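A quick write-up on the structure given underneath.
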Amino acid sequence: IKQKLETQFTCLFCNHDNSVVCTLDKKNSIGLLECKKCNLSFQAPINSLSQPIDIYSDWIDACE
Amino acid sequence: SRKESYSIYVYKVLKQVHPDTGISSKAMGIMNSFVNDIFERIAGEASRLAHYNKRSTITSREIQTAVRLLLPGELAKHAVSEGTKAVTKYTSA
Amino acid sequence: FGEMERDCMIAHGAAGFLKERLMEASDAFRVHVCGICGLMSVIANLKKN
Amino acid sequence: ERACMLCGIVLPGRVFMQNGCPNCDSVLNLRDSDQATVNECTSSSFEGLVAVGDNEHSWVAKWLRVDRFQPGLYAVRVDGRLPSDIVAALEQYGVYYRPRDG
Amino acid sequence: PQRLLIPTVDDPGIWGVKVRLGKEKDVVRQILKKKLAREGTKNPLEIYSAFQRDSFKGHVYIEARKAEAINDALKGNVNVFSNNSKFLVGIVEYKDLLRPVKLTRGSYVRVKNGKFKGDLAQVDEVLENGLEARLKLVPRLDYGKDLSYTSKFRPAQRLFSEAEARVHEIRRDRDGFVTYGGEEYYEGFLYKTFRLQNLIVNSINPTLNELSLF
Amino acid sequence: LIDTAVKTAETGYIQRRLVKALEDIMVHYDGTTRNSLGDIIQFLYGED
Amino acid sequence: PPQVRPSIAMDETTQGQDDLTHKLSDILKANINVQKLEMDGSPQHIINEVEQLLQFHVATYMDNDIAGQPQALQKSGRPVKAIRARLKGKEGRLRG
Amino acid sequence: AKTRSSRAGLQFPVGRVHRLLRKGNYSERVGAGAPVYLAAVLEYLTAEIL
Amino acid sequence: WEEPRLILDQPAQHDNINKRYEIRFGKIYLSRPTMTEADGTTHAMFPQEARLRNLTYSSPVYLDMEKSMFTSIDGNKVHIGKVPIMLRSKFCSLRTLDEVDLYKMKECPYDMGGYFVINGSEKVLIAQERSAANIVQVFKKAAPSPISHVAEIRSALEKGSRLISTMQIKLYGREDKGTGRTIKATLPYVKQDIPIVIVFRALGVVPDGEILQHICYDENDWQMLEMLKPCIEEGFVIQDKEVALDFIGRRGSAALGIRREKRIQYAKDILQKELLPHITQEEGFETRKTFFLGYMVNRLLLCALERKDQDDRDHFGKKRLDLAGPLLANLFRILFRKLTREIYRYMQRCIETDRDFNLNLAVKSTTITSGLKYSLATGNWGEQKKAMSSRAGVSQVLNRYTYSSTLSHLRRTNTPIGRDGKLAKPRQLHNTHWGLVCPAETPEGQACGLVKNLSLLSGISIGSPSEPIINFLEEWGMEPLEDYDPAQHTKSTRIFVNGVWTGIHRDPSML
RNA sequence: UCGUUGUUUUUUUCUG
Ligand SMILES: [Zn+2]
Ligand SMILES: [Zn+2]
Ligand SMILES: [Zn+2]
């Protein structure tokens with residue numbers, strides 16, 4: 001099911017707090033991070049135990 | 001700007017047939033041209049077949065018959081089988 | 001004169017005793033009110049009546 | 001700490017009497033002047049304590065005309081007015097003294 | 001012509017991160033000194049200019065371009081609230097944070113220090129330097145009844161009287177001027193040197209006694 | 001001992017709640033039983 | 001009036017300020033302070049925090065038991081005596 | 001399955017084909033199944049070539 | 001000595017020089033109680049004068065300082081406070097002085113002391129009781145909760161004997177609800193409960209065979225294996241130490257930005273420390289932690305299997321009492337940390353101007369003295385500014401209405417269970433109380449039962465070093481856990497000391 | 001010369 005989450009994670013490119021949305025999409029183990037200012041997209045598979053923070057750490061590692 | 005292509009979709013299809021095979025950019029453009037021309041051909045065939053029967057809308061059967069007309073025997077039959085299987089899966093589920 | 005005592009006094013129905021026991025033998029007081037707004041803001045000066 | 005009236009640098013009087021103004025010793029002579037001159041030039045009252053580490057591209061210091069002066073604790077406002085002799089000497093020396101109280 | 005120095009997008013931005021109450025100047029000093037010590041190293045502090053204003057107590061402003069520089073500047077300080085309660089400043093608002101913002105002889109001012117605090121007075125002369133301001137106070141003299149003070153045992157006030165002063169308890173230098181214990185009494189009003197920090201010239205509402213006398 | 005100590009408080013609380021529930025019921029001259037608003041509870045106190 | 005918030009006498013001469021007196025004086029100070037921001041640099045963040053502070057003292061002086069939020073205190077550390085606290089409870093006016 | 005591609009078990013986006021089909025001036029109305037069939041046929045042809 | 005050093009640094013630049021200021025704590029020196037009269041005269045104290053003059057029978061404390069400096073380019077007796085001295089204790093004047101002089105000293109030879117004196121009042125400490133630390137206990141939850149059995153444990157250091165941290169396992173779910181019986185363990189400084197196998201793998205045992213080796217020791221008991229299997233299945237998303245640790249630290253209750261690099265290090269720290277600290281706090285011992293976790297989980301499920309009654313909380317053998325010693329220890333520790341912080345802050349604010357601190361204006365003896373005096377006088381056990389949420393009534397006036405009352409008042413106990421929610425279990429006399437606390441004596445009213453008085457032959461353990469016990473055991477075939485195997489060591493006997501497993505022995509009868 | 005006023009706040013141990 002589609003899950004909207006205006007979580008307060010900090011973005012790296014636009015560097016705007018609470019501009020990061022960690023949508024949760026469990027149907028096919030797919031994880032999207034939606035940003036509001038620079039509107040970048042991050043993809044990552046999400047397991048049963050995955051959490052917005054898990055996607056955030058994956059994205060942080062990806063950025064560098 | 002936002003000039004959409006079929007780069008990533010062709011990449012995924014390639015990954016599921018030959019997963020360890022790369023490609024150049026010009027081959028990607030050739031694939032885009034082939035796919036776009038085939039899309040235009042099938043859409044035009046559907047439009048003409050709709051016009052011949054004076055039907056103002058398109059269903060999947062028009063695309064099926066267009067694929068039959070365009071492609072030869074074996075290839076058209078295989079495309080028909082794949083399209084029928086995909087459509088039935090999309091219908092039941 | 002705890003609550004339960006108040007209830008016991010009610011039980012016997014001794015109204016006037018309860019009334020005075022909570023006014024006269026305790027913190028009685030007088031005030032003035034305005035009959036229009038019904039508040040307690042009247043400025044009363046008794047010696048000036 | 002007392003703030004130089006010309007450049008706005010504020011330092012305790014010990015440095016002023018030992019090493020002078022880091023940026024106005026050449027025009028004010030705080031180190032080798034009587035304590036009255038140091039006091040008058042370096043007023044105690046101050047406002048707007050600004051810490052500076054860059055002065056080349058220092059827009060904030062660029063407002064305070066202290067781009068050429070070394071970065072440091074700069075008082076945006078300095079109360080009191082300089083004695084007549086110090087102001088006259090500063091004007092005579094080719095240095096434009098503008099009070100920072102406004 | 002300071003107006004030529006108007007800010008714009010070109011100037012590095014500023015972030016205000018909350019810091020411990022009363023230790024804001026200490027935080028400013030820490031920023032400055034760590035910036036000095038890390039200069040030239042492979043991990044310098046990427047800041048341009050930082051400030052704190054008296055009105056903006058508890059608020060630390062640093063000029064930079066990336067929040068990482070601000071975090072580095074505040075990182076390692078116990079004189080700061082650990083939270084990154086930072087915020088941005090508008091283009092027009094940038095000059096506001098750096099905007100810094102009436103004492104005349106003959107106008108009535110009050111005292112707020114010493115044993116005569118709470119008494120209206122008139123300035124007599126402001127020092128040439130501008131550090132001590134002379135005043136025209138009302139003497140509070142017991143005429144030597146309890147000489148053997150504090151701001152809680154001061155008796156009533158009265159104009160100095162040469163006759164009473166001579167009767168009950170001394171030098172005359174002029175007609176109407178009397179020097180008593182280092183204090184100056186002119187026409188029954190106390191003259192003394194007063195620090196400018198001990199007095200306020202604004203925010204005075206005259207009192208009933210002042211109306212009756214003044 | 002513990003039993004008595006606990007029981008007394010709860011019984012007192014129940015007593016308070018009951019009294020503050022039924023403190024305004026009054027047998028009116030008509031023989032009805034009405035609370036403050038005049039709402040009728042019993043048409044004849046105890047039906048006798 | 002003072003009756004509602006009389007001045008306690010800790011020991012004979014020295015009279016302490018009832019909690020309501022402190023709270024009212026603090027609200028008065030905060031209200032004056034808001035009145036002083038507009039005349040000078042008020043960068044939309046001093047305004048916000050200061051007005052929220054004023055709202056906070058007003059709310060506490062009106063009630064000091066708001067859920068999910070810390071509780072205003074005296075310098076003694078004891079929580080303040082808001083009017084709601086006065087009225088409720090057995091010790092409150094109705095039952096006291 | 002949220003996306004229609006996942007509902008179809010394919011890889012070519014049915015959504016983009018349907019979008020372009022609306023702006024195609026080919027017929028007044030577009031069905032919901034014709035794009036899936038076209039996507040499947042295009043996928044098969046592309047796999048055959050690849 | 002718990003905080004045996006203060007260290008400052010100063011890589012001064014303007015010319016880079018690294019200056020490190022240090023303060024090294026030394027011995028403590030204690031004196032018999034004394035007065036410093038405002039006239040400046042001094043003299044030895046005796047309690048009677050204190051009782052008469054509203055004094056405080058206390059002795060100053062002297063601590064040995066040491067100021068050492070470390071600079072690179074690349075201390076004496078200090079009065080810290082006066083501790084009240086309990087009458088007749090070894091440090092009280094009256095422990096000596098014969099029987100005759102007592103009469104001269106105005107002291108009844110019958111009075112047994114045991115109480116402090118403050119401002120002329122005679123205050124005594126009432127022993128508090130708390131559940132023993134470093135012990136597992138299993139508690140069943142209520143009907144309306146997915147939690148069914150919880151095996152909690154609190155970890156406290158042997159040294160000091162002060163609370164450190166706890167950790168709980170919640171046997172989530174119900175029977176045939178939520179698929180299997182999911183088990184998740186709560187760890188210190190984490191923002192969510194965690195699957196057990198995840199922490200197991202993060203702890204070092206990545207493969208599941210070792211996990212089932214440690215948690216189970218009856219292979220034929222298939223039911224426990226199959227009902228813990230559901231947890232095994234959900235932990236297959238983790239296969240190595242690193243991903244497990246990163247998963248752990250990801251909810252490490254820290255801020256955002258630690259990213260994976262430092263995340264696994266943070267997890268390694270939080271598993272090296274803060275977790276079962278009473279066992280150890282350094283690296284290279286997570287084998288012991290694994291073994292303990294396995295044993296604890298095994299016990300928790302055993303209670304979940306109804307193979308053993310759920311642990312009794314009222315079992316007095318698990319109860320512990322705290323006399324004046326431990327309590328004054330805690331209060332002194334708090335005040336000492338406050339003093340040390342004050343000294344450090346003064347050091348900072350006095351060496352920036354670069355003046356050799358006097359060590360005297362820096363040390364404010366008023367901190368410890370005032371704090372102890374207030375705590376004993378009011379009983380609000382803690383710092384004064386934190387009166388609320390502070391254990392009250394720890395110290396009480398010594399009731400001298402009759403000699404028997406005085407005696408009883410001294411051998412009193414108490415339970416700080418509060419009176420919010422009546423319940424009955426804590427109040428009711430329990431079998432284990434036989435001969436340890438009086439059965440007949442107890443107050444009336446709301447405190448009935450919660451206040452207990454020591455039996456006539458009661459004695460309280462003061463604590464003894466455990467090292468000789470370890471030395472002896474090793475002599476007698478104590479087998480460390482490292483040589484532990486389920487099938488082989490299914491008959492040997494486990495050994496616990498002070499609530500921590502230490503090894504194995506196969507013939508414990510002779511031991 | 002009638003007149004003539006005496007704290008709060010908590011905590012505690014108790015009584016029925
Ligand atoms: Zn962004
Ligand atoms: Zn009215
Ligand atoms: Zn200068």
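Just so we're on the same page: first chain in the structure tokens is A, next is B, and so on; residues restart at 1 for each chain, and ligands are numbered from 1 in the order they show up.
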All residues 6 Å or closer to range 110-124 of chain I, only C-alpha atoms (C1' of nucleotides), same chain fewer than 4 positions away omitted, as a ChimeraX atom specification = /I:50-51,54-57,86-88,395-398
With C-alpha atoms kept, could you save the residues just selected as a PDB file, in the first residue's frame?
```
ATOM      1  CA  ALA I  50      26.025  19.744  69.404  1.00  0.00           C
ATOM      2  CA  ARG I  51      22.651  18.677  70.777  1.00  0.00           C
ATOM      3  CA  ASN I  54      21.971  23.098  67.359  1.00  0.00           C
ATOM      4  CA  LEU I  55      25.241  22.077  65.724  1.00  0.00           C
ATOM      5  CA  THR I  56      26.090  19.271  63.300  1.00  0.00           C
ATOM      6  CA  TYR I  57      28.321  16.472  64.531  1.00  0.00           C
ATOM      7  CA  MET I  86      27.247   8.554  63.317  1.00  0.00           C
ATOM      8  CA  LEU I  87      27.412   8.349  67.093  1.00  0.00           C
ATOM      9  CA  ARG I  88      29.457   5.481  68.553  1.00  0.00           C
ATOM     10  CA  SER I 395      15.749   9.983  57.104  1.00  0.00           C
ATOM     11  CA  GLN I 396      13.475  10.449  60.106  1.00  0.00           C
ATOM     12  CA  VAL I 397      13.660  12.095  63.503  1.00  0.00           C
ATOM     13  CA  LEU I 398      14.707   9.618  66.165  1.00  0.00           C
TER      14      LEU I 398
END
```
Would you give me, as a Markdown table, each residue of chain C having an atom within 8 Å of an atom of ligand 2, along with its shortest atom pair and that distance in Å to one decimal, using only C-alpha atoms and all ligand atoms and sorting by chain and residue number?
```
| residue | atom | partner | partner_atom_place_in_ligand_line | distance |
| --- | --- | --- | --- | --- |
| C:33 | CA | ligand 2 | 1 (Zn) | 7.6 |
| C:34 | CA | ligand 2 | 1 (Zn) | 4.4 |
| C:35 | CA | ligand 2 | 1 (Zn) | 6.4 |
| C:36 | CA | ligand 2 | 1 (Zn) | 4.8 |
| C:37 | CA | ligand 2 | 1 (Zn) | 3.9 |
| C:38 | CA | ligand 2 | 1 (Zn) | 6.1 |
| C:39 | CA | ligand 2 | 1 (Zn) | 6.1 |
| C:41 | CA | ligand 2 | 1 (Zn) | 7.1 |
| C:42 | CA | ligand 2 | 1 (Zn) | 7.2 |
```
Write to file, as a compact mmCIF listing (two decimals), in the first residue's frame, the residues of the selection just made, with N, CA and C atoms.
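Done, and the output landed in again_18.txt:
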```txt
# COMPACT_ATOMS: atom_id res chain seq x y z
N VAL C 33 -24.61 43.93 43.60
CA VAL C 33 -24.61 43.54 42.19
C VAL C 33 -25.45 44.52 41.39
N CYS C 34 -25.13 44.60 40.10
CA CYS C 34 -25.90 45.41 39.16
C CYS C 34 -26.99 44.56 38.53
N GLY C 35 -28.22 45.04 38.62
CA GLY C 35 -29.35 44.27 38.13
C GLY C 35 -29.45 44.22 36.62
N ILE C 36 -28.53 44.85 35.90
CA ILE C 36 -28.58 44.86 34.45
C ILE C 36 -27.60 43.82 33.91
N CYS C 37 -26.31 44.03 34.18
CA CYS C 37 -25.32 43.06 33.73
C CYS C 37 -25.29 41.83 34.63
N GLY C 38 -25.80 41.95 35.85
CA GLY C 38 -25.74 40.84 36.77
C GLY C 38 -24.35 40.51 37.27
N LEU C 39 -23.42 41.46 37.22
CA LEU C 39 -22.07 41.24 37.68
C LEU C 39 -21.94 41.73 39.12
N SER C 41 -19.62 44.24 40.00
CA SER C 41 -18.71 45.35 39.78
C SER C 41 -19.24 46.66 40.35
N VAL C 42 -20.34 46.62 41.08
CA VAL C 42 -20.94 47.84 41.62
C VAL C 42 -19.90 48.55 42.48
```
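Those protein and nucleic acid residues that have any atom within 9 Å of ligand 1 are, using only C-alpha atoms (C1' of nucleotides) and all ligand atoms, residues 10, 11, 12, 13, 14, 15, 16, 17, 19, 20, 34, 35, 36, 37, 38, 39 and 40 of chain A.
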Counting only C-alpha atoms (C1' of nucleotides) and all ligand atoms, name the residues that have an atom within 9 Å of an atom of ligand 3; the answer should be given as an MDAnalysis selection string.
-> chainID D and resid 3:10 20:25 27:28 30 41:42 69
I need the residues from that last selection saved to file as a short mmCIF file (atom, residue, chain, number, x, y, z; two decimals), in the first residue's frame (with C-alpha atoms), if you can.
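Contents of result01.cif, as written:
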```cif
data_model
loop_
_atom_site.label_atom_id
_atom_site.label_comp_id
_atom_site.auth_asym_id
_atom_site.auth_seq_id
_atom_site.Cartn_x
_atom_site.Cartn_y
_atom_site.Cartn_z
CA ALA D 3 37.17 48.54 21.70
CA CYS D 4 39.39 50.64 19.45
CA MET D 5 37.32 53.50 18.07
CA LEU D 6 38.95 53.50 14.62
CA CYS D 7 39.07 49.82 13.60
CA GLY D 8 36.67 48.50 16.26
CA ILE D 9 39.05 45.86 17.63
CA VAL D 10 38.38 45.11 21.30
CA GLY D 20 49.23 48.07 21.01
CA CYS D 21 46.32 48.05 18.61
CA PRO D 22 46.72 45.14 16.15
CA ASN D 23 45.42 47.44 13.38
CA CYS D 24 45.79 51.08 14.56
CA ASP D 25 49.10 51.15 16.45
CA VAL D 27 48.07 55.83 13.66
CA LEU D 28 46.84 55.71 17.27
CA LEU D 30 48.04 52.97 21.88
CA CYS D 41 40.71 55.57 21.76
CA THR D 42 39.67 52.19 23.22
CA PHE D 69 42.24 45.04 9.23
#
```
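Here CA of residue 20 in chain G and CA of residue 386 in chain I stand 22.5 Å from one another.
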